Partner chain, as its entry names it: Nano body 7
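Below you'll find only one chain, the form deposited without the partner chain, shown as structure tokens.
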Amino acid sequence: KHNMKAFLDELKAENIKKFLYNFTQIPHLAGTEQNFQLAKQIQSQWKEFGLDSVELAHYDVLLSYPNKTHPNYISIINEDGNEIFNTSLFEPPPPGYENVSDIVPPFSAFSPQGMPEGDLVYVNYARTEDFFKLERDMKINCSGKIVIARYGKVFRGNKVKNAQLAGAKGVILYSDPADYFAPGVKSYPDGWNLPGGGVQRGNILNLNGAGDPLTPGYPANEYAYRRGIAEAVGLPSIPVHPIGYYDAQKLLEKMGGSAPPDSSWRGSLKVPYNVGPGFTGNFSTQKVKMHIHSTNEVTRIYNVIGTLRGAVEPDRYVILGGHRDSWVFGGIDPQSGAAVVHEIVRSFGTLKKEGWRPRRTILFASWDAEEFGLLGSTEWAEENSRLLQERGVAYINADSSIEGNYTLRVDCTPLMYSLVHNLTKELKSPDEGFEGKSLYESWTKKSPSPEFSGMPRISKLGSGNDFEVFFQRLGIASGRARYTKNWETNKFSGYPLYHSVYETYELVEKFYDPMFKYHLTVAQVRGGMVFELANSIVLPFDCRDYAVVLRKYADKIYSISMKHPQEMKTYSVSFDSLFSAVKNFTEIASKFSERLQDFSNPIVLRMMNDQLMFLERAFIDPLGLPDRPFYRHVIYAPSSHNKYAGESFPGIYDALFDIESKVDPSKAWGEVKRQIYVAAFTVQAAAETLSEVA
């Protein structure tokens, strides 16, 4: 039989291991020859694996690179202008890679050039609330200062935007051992911790879903009209550079001015964590000087797009996509995900060679330039937006398969919750102590949902990966899954070696997943989801799950507003319309579900499958959210304070945020009421797509 079990049994840990080794021997930085060569390799292998068509889709997009002959670094300079301390020019390469060339040195992609000199201010994680504390409570002014911020908690681009709005003239980002060194584990190569010379690369754009900075809304093709750099979307206006904690300790240890306001501002280095500005008495005439000489350059990138044509509904697309470009070797990010995709294509291709085809078309994508702002997936989606919005069933992302070895992690639209529960009950747990038990059982035990015992946690999607254009711009049901750490016992962020030269094949094979069993489990989950979405007669979406979450989110945003009861009375701010819409959605979804379970008629089937497919689409508002036109989903958007986190009812949440500080409360509360109307209208409109059609 050609069924899901055939598909799943064909997947092999040993193949994932071979592919991961093959993908991680040299760097594959976006825009470089090595990454184009890997694109061509994947294209060739996907054809040989059996796909119907495999093409490269290229675009010319703005990328950013250091200057090879004028390196970036930071100094402490004395009053004569002598540079008495310089930060490292590169991370010490790991064992056996000390002769690899083309390792890009640490830098903040898209930083402008500059050599600002000034006094330091330490701003903790540079979150909105850290700047509130400095400015409103401590009365410290960042204007014209260089800010030093520890990485962690929020996306680094939000940190830079926050520093820029505080008036900083430069930003220094560093990895504190508090956030990137797990107690009792050794530094690489002897364990999976970040050494003191390790540094996290990463872009600092604030694109808000735009894709290539020069061509928002349209693909960066051969004839595209490009904005000038001055009108580009999302570029920072002050220089930024990241460093490791050996160098950070040298910059922090001399800090004077005010003490940290409390312990949540103190990391683990043996320094006071004084906020500044500037250095203590003896060193008060020294300054910090940045030297940034990176250049932005329009550069060609290549996505690989593989198609497995559907047998019955070839005009319905189920997409499995993840990126191929890496900062250096990409041992976890992205190649542990790309190796899994490669083995999924291989298994579907084995069935295809035996005469099978899925019911719907499956598209497989190896995206480029994800690390520079989701550029490859976004430009391809801009090019293909009309096909995707009328034909796109679902998008499953496939970046890193592992960021720990403790339990499963899934983030997805509520429409896929039931599919995920059902699939995980049919899969074997790879965990020690749960041999013979389902993945659902081990996941639920290790990661209980806050809401319902006997259920596992499933998070909302935010952003910071290639599902963003599909979900938040286009309204295509999306999901992602990976193995993760124990979040209770682990206070570090992501994994310690994230975006460092130390993320290697050896890291994964020695410390994370020697048997490749967690990779295999992730391949089964991602692949199983794609198989069900592409093969189930009725799409495997449950609209009743959206009804349950919408009520939860309406309760949550109502509770935020009710912190301001006098203003709600004064301005007549009512959530009645929103709860009415959610009640109506609940009722209509319940009736739709009964019809779905109660109808030999392929027109009623497909009519019903179209209602299921366009339900996520109904949450899109073609006018976008305020000042963020490419975030169009009214229920979910990336948080305005942290692109990685999803926010629910984002339009109302942002209208309420810090509202007690607004100088015109009438205007501010009017905008809250406007966002409640938009949300209530959209929920009701989405509900009505599920009503009988005529």
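Positions refer to the first chain, counted from 1.
The following text describes the form solved in complex with the partner chain, which does not appear among the structures shown.
Contact check for residue 554: a heavy atom falls within 4.5 Å of the partner chain in the deposited complex. Heavy atoms of residue 454 never reach within 4.5 Å of the partner chain in the deposited complex, leaving it off the interface.
At a distance threshold of 4.5 angstroms between non-hydrogen atoms, residue 100 is out of contact with the partner chain in the deposited complex.
Looking at residue 565, you'd find a heavy atom of it within 4.5 angstroms of the partner chain in the deposited complex. Considering the partner chain in the deposited complex, the lone stretch of 512-520, 233-241, 175-183, 574-582 in range is 574-582 [heavy atom distance within 4.5 Å]. Here is the short version: of 570, 143, 559, 295, the single residue with a heavy atom within 4.5 Å of the partner chain in the deposited complex is 559. 450 is the sole member of 450, 228, 436, 355 with a non-hydrogen atom lying within 4.5 angstroms of the partner chain in the deposited complex.
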